$ cat final-v7.json   # JSON, C-alpha atoms
[["chain", "number", "residue", "atom", "x", "y", "z"],
["A", 1856, "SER", "CA", -173.53, -32.87, 215.52],
["A", 1857, "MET", "CA", -173.63, -36.39, 214.04],
["A", 1858, "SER", "CA", -172.40, -36.29, 210.42],
["A", 1859, "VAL", "CA", -172.40, -32.35, 210.57],
["A", 1860, "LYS", "CA", -168.95, -30.79, 210.93],
["A", 1861, "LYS", "CA", -167.46, -27.27, 210.84],
["A", 1862, "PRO", "CA", -164.61, -26.90, 208.29],
["A", 1863, "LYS", "CA", -161.22, -28.53, 209.36],
["A", 1864, "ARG", "CA", -158.81, -25.85, 210.91],
["A", 1865, "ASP", "CA", -155.23, -26.93, 209.99],
["A", 1866, "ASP", "CA", -153.58, -28.03, 213.27],
["A", 1867, "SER", "CA", -150.62, -29.88, 211.71],
["A", 1868, "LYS", "CA", -148.11, -27.14, 212.65],
["A", 1869, "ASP", "CA", -149.41, -26.61, 216.19],
["A", 1870, "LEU", "CA", -146.70, -28.81, 217.87],
["A", 1871, "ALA", "CA", -143.90, -27.01, 216.08],
["A", 1872, "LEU", "CA", -145.27, -23.61, 216.74],
["A", 1873, "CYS", "CA", -145.92, -24.31, 220.54],
["A", 1874, "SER", "CA", -142.28, -25.59, 220.69],
["A", 1875, "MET", "CA", -141.05, -22.27, 219.16],
["A", 1876, "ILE", "CA", -143.08, -20.18, 221.58],
["A", 1877, "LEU", "CA", -141.78, -22.28, 224.49],
["A", 1878, "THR", "CA", -138.15, -21.75, 223.23],
["A", 1879, "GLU", "CA", -138.73, -18.03, 223.19],
["A", 1880, "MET", "CA", -140.12, -18.15, 226.77],
["A", 1881, "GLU", "CA", -137.15, -20.37, 227.91],
["A", 1882, "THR", "CA", -134.61, -17.82, 226.59],
["A", 1883, "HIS", "CA", -136.27, -14.63, 227.91],
["A", 1884, "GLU", "CA", -134.10, -12.96, 230.54],
["A", 1885, "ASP", "CA", -136.97, -12.93, 233.06],
["A", 1886, "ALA", "CA", -137.64, -16.70, 232.70],
["A", 1887, "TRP", "CA", -135.31, -17.65, 235.62],
["A", 1888, "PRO", "CA", -138.07, -18.07, 238.26],
["A", 1889, "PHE", "CA", -139.91, -20.49, 235.93],
["A", 1890, "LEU", "CA", -137.22, -22.71, 234.35],
["A", 1891, "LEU", "CA", -137.41, -25.53, 236.93],
["A", 1892, "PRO", "CA", -139.91, -26.84, 239.43],
["A", 1893, "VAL", "CA", -140.04, -24.93, 242.73],
["A", 1894, "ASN", "CA", -138.14, -27.00, 245.32],
["A", 1895, "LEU", "CA", -141.02, -28.18, 247.59],
["A", 1896, "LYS", "CA", -138.54, -29.16, 250.35],
["A", 1897, "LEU", "CA", -136.85, -25.79, 250.47],
["A", 1898, "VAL", "CA", -139.72, -23.30, 249.96],
["A", 1899, "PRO", "CA", -142.09, -23.10, 252.88],
["A", 1900, "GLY", "CA", -145.74, -22.88, 252.08],
["A", 1901, "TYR", "CA", -145.39, -23.88, 248.40],
["A", 1902, "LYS", "CA", -146.54, -27.45, 248.63],
["A", 1903, "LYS", "CA", -149.71, -26.69, 250.58],
["A", 1904, "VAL", "CA", -150.73, -23.53, 248.87],
["A", 1905, "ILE", "CA", -150.02, -24.27, 245.15],
["A", 1906, "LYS", "CA", -152.21, -27.21, 244.31],
["A", 1907, "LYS", "CA", -150.87, -27.66, 240.75],
["A", 1908, "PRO", "CA", -147.17, -26.65, 240.42],
["A", 1909, "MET", "CA", -146.02, -26.04, 236.84],
["A", 1910, "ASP", "CA", -142.75, -24.79, 235.25],
["A", 1911, "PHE", "CA", -141.21, -24.50, 231.78],
["A", 1912, "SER", "CA", -139.09, -27.68, 232.08],
["A", 1913, "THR", "CA", -142.21, -29.73, 232.92],
["A", 1914, "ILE", "CA", -144.11, -28.18, 230.00],
["A", 1915, "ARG", "CA", -141.15, -28.91, 227.70],
["A", 1916, "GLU", "CA", -141.10, -32.60, 228.77],
["A", 1917, "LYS", "CA", -144.94, -32.89, 228.38],
["A", 1918, "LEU", "CA", -144.68, -31.28, 224.91],
["A", 1919, "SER", "CA", -141.83, -33.58, 223.84],
["A", 1920, "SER", "CA", -143.66, -36.78, 224.97],
["A", 1921, "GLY", "CA", -147.20, -36.22, 223.50],
["A", 1922, "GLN", "CA", -148.87, -35.30, 226.70],
["A", 1923, "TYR", "CA", -150.71, -32.23, 225.23],
["A", 1924, "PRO", "CA", -153.79, -33.35, 223.29],
["A", 1925, "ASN", "CA", -154.21, -29.92, 221.70],
["A", 1926, "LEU", "CA", -152.82, -26.36, 221.68],
["A", 1927, "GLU", "CA", -155.41, -25.22, 224.38],
["A", 1928, "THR", "CA", -154.12, -27.68, 226.99],
["A", 1929, "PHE", "CA", -150.60, -26.31, 226.27],
["A", 1930, "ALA", "CA", -151.77, -22.69, 226.84],
["A", 1931, "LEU", "CA", -153.51, -23.77, 230.09],
["A", 1932, "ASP", "CA", -150.23, -25.09, 231.56],
["A", 1933, "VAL", "CA", -148.27, -21.96, 230.48],
["A", 1934, "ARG", "CA", -150.98, -19.69, 232.15],
["A", 1935, "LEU", "CA", -150.84, -22.00, 235.25],
["A", 1936, "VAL", "CA", -147.17, -21.03, 235.64],
["A", 1937, "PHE", "CA", -148.15, -17.32, 235.83],
["A", 1938, "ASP", "CA", -151.23, -17.84, 237.92],
["A", 1939, "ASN", "CA", -149.18, -19.77, 240.47],
["A", 1940, "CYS", "CA", -146.57, -17.01, 240.46],
["A", 1941, "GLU", "CA", -149.27, -14.35, 241.20],
["A", 1942, "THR", "CA", -150.70, -16.56, 243.99],
["A", 1943, "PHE", "CA", -147.38, -16.83, 245.83],
["A", 1944, "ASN", "CA", -145.46, -13.63, 245.02],
["A", 1945, "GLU", "CA", -146.13, -9.95, 245.64],
["A", 1946, "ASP", "CA", -146.63, -7.86, 242.43],
["A", 1947, "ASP", "CA", -143.78, -5.53, 243.65],
["A", 1948, "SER", "CA", -141.07, -8.27, 243.94],
["A", 1949, "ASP", "CA", -138.58, -9.29, 241.33],
["A", 1950, "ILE", "CA", -140.38, -12.64, 240.81],
["A", 1951, "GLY", "CA", -143.86, -11.03, 240.81],
["A", 1952, "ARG", "CA", -142.77, -8.56, 238.10],
["A", 1953, "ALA", "CA", -141.05, -11.32, 236.13],
["A", 1954, "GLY", "CA", -144.30, -13.26, 236.05],
["A", 1955, "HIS", "CA", -146.33, -10.32, 234.79],
["A", 1956, "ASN", "CA", -143.71, -9.57, 232.10],
["A", 1957, "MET", "CA", -143.68, -13.22, 230.97],
["A", 1958, "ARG", "CA", -147.43, -13.54, 230.83],
["A", 1959, "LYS", "CA", -147.55, -10.40, 228.63],
["A", 1960, "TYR", "CA", -144.82, -11.79, 226.43],
["A", 1961, "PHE", "CA", -146.61, -15.15, 226.06],
["A", 1962, "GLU", "CA", -150.02, -13.77, 225.32],
["A", 1963, "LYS", "CA", -148.69, -11.61, 222.46],
["A", 1964, "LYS", "CA", -146.84, -14.56, 220.87],
["A", 1965, "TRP", "CA", -150.03, -16.63, 221.32],
["A", 1966, "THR", "CA", -152.31, -14.08, 219.59],
["A", 1967, "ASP", "CA", -149.82, -13.35, 216.82],
["A", 1968, "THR", "CA", -149.22, -17.02, 216.08],
["A", 1969, "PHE", "CA", -152.75, -18.51, 216.36],
["A", 1970, "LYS", "CA", -155.45, -15.68, 216.31]]

$ encode --input "final-v7.json" --output "structure tokens"
Amino acid sequence: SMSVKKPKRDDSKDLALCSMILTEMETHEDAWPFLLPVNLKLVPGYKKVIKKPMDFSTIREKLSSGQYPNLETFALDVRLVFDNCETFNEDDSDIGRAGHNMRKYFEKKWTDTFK
């Protein structure tokens, strides 16, 4: 509360470490469905169904331009990518499996780096 603060957690490396995680996600062999924004002109249903589209290139640009106020808003956009994938894609499809694999991959890097 006013003039009463928990000890300061060192966040000075957070930007660098989120950038490293994001590099690892970008270079994973199963990243291909997620590298660029889904083409809203060419994929029926996507625009109407997926209210907040998100992809790794968009996260990379946000990260590079100071549009993440903290590491939790970064994690929210990464999880949005996988939540959108599960919304639109069957679990037993190449894309559906890719999205589960990538979410698993991310969540391990996230825990190991920050928790």

$ closest_residue --input "final-v7.json" --among "A:1958, A:1952, A:1864, A:1964" --to "residue A:1936" --atoms "only C-alpha atoms"
A:1958

$ atom_distance --input "final-v7.json" --atom1 "atom CA of residue A:1858" --atom2 "atom CA of residue A:1870"
27.8 Å

$ closest_residue --input "final-v7.json" --among "A:1892, A:1899, A:1969, A:1957" --to "residue A:1879" --atoms "only C-alpha atoms"
A:1957

$ atom_distance --input "final-v7.json" --atom1 "atom CA of residue A:1970" --atom2 "atom CA of residue A:1914"
21.7 Å

$ atom_distance --input "final-v7.json" --atom1 "atom CA of residue A:1874" --atom2 "atom CA of residue A:1891"
17.0 Å

$ axis_aligned_box --input "final-v7.json" --around "stretch 1888-1898 of chain A" --padding-each-side "5 Å" --output "JSON"
{"center_x": -138.9, "center_y": -23.6, "center_z": 242.4, "size_x": 14.2, "size_y": 21.1, "size_z": 26.1}

$ residues_around --input "final-v7.json" --residues "residue A:1941" --least-positions-apart "3" --cutoff "10 Å" --atoms "all atoms listed in the file" --output "ChimeraX atom specification"
/A:1935-1938,1944-1946,1950-1952,1954-1955

$ closest_residue --input "final-v7.json" --among "A:1965, A:1886, A:1863, A:1903" --to "residue A:1927" --atoms "all atoms listed in the file"
A:1965

$ residues_around --input "final-v7.json" --residues "residue A:1881" --least-positions-apart "3" --cutoff "7 Å" --atoms "all atoms listed in the file" --output "PyMOL selection string"
chain A and resi 1877-1878+1886+1890+1911

$ write_last_selection --input "final-v7.json" --atoms "C-alpha atoms" --output "PDB file, keeping the file's coordinate frame"
ATOM      1  CA  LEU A1877    -141.780 -22.280 224.490  1.00  0.00           C
ATOM      2  CA  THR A1878    -138.150 -21.750 223.230  1.00  0.00           C
ATOM      3  CA  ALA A1886    -137.640 -16.700 232.700  1.00  0.00           C
ATOM      4  CA  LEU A1890    -137.220 -22.710 234.350  1.00  0.00           C
ATOM      5  CA  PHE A1911    -141.210 -24.500 231.780  1.00  0.00           C
TER       6      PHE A1911
END

$ residues_around --input "final-v7.json" --residues "residue A:1939" --least-positions-apart "6" --cutoff "9 Å" --atoms "only C-alpha atoms" --output "PyMOL selection string"
chain A and resi 1905-1909

$ closest_residue --input "final-v7.json" --among "A:1959, A:1940, A:1865, A:1949" --to "residue A:1893" --atoms "all atoms listed in the file"
A:1940
